[PDB]
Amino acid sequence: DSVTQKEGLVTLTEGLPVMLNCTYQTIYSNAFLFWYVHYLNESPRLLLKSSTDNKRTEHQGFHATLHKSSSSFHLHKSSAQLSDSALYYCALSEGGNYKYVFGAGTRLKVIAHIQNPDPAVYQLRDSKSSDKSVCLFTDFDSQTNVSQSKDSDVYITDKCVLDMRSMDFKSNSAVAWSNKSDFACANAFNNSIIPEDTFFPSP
């Protein structure tokens, strides 16, 4: 009658192993366990499933083994990939029920390994009005953290991880902008929050 996913968020660098915990409780002998994956702007869909004690089940590098003795069905993958970032639900179906019980979900955030960081802050002009611009902080390693702005009329986005088969193009970036006429890119990406070697050209 219950499904527990003890971790709400897992952040992990690509290439490292995935372990998403799931335990359950049921009085039923006929109990069916599932993992569902939920990508952005898609509906939940089956990842894998099993009712067989100690049988490894696998789908596209993900695998799980039901262990009835520890009421567990942990989701594993040897090497995380950026395309694995998603919400993952563990679920339970019992023969006496029409409902499936879903755990609270675990968000998996896979972050990039940046072999050759080249941190830089660039200023980009609006294609329609040379008045408006945005600031682009890019090519920094995944240890660099981008915090929200303190200023009310300054907007700063979270880091976005661009997944690319070409190593050269795999890169992190954040964007900042403001309607204030006082605004300069260094007001958003100041020297204390960007790496010392940031390439920071004058606009």
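Position 1 is the first residue in the sequence shown; the rest follow in order.
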- With reference to the PDB entry, specify whether the mean Cα temperature factor is higher for 128 to 136 or for 114 to 122. 128 to 136
- Greater mean Cα temperature factor according to the PDB record, 104 to 112 or 88 to 96: 104 to 112
- Out of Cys22, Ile194, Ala184, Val18, residue topping the C-alpha B-factor column of the entry: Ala184
- Message: Take the CA temperature factors straight from the PDB entry and tell me which of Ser43, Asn172, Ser147, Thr57 peaks.
- Response: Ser147
- Chain thirds by Cα B factor, record data; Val154 belongs to the highest
- Is the Cα B-factor recorded for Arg165 in the lowest, middle or highest third of its chain? highest
